[PDB]
């Protein structure tokens, strides 16, 4: 059923170049990967400070090609399975396009991947903005971010 996700990326008003993605399933499974295809030279100051230093070391198997990350996710999301998939992100318009561009144009998205991501901030506001935990130390690590989204969703829906 439900997956909470986050991405880091380099975006220049034209393209969204994916750095990393973290996805946590409501059932407890977690996926994290760092693309070996983004060019770190194209990173702006803010990404260079806040995103790049938090990445795994280069010898880590967490570093995957774009094709591997897409295949990992088709497996992780159970694209062939019983369940309806619901994707959730916090202020995730760009995150949604970064995710979907792992398959290509929106035309190429597998049939069972939803064409919209539910917006966790919208849910939170619709429930009167209940108090959240303070943001983690390691924000801008996408897996840390994704785990925190699930934590919030659980708090919001209790």
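Numbering follows the first chain given and starts at 1.
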query: Mean temperature factor over C-alpha atoms, higher-scoring stretch between 87-95 and 56-64; finding: 56-64
query: Per the entry, higher mean C-alpha B factor between 1-9 and 149-157; finding: 149-157
query: Given 122, 45, 36, 101, the residue at which the Cα B factor reaches its maximum; finding: 45
query: Highest recorded Cα temperature factor - choice among 70, 29, 115, 131; finding: 131
query: Ranked C-alpha temperature factor of residue 75 among modelled chain residues, by third; finding: middle
query: Residue 142 - Cα temperature factor, lowest/middle/highest third of chain; finding: middle
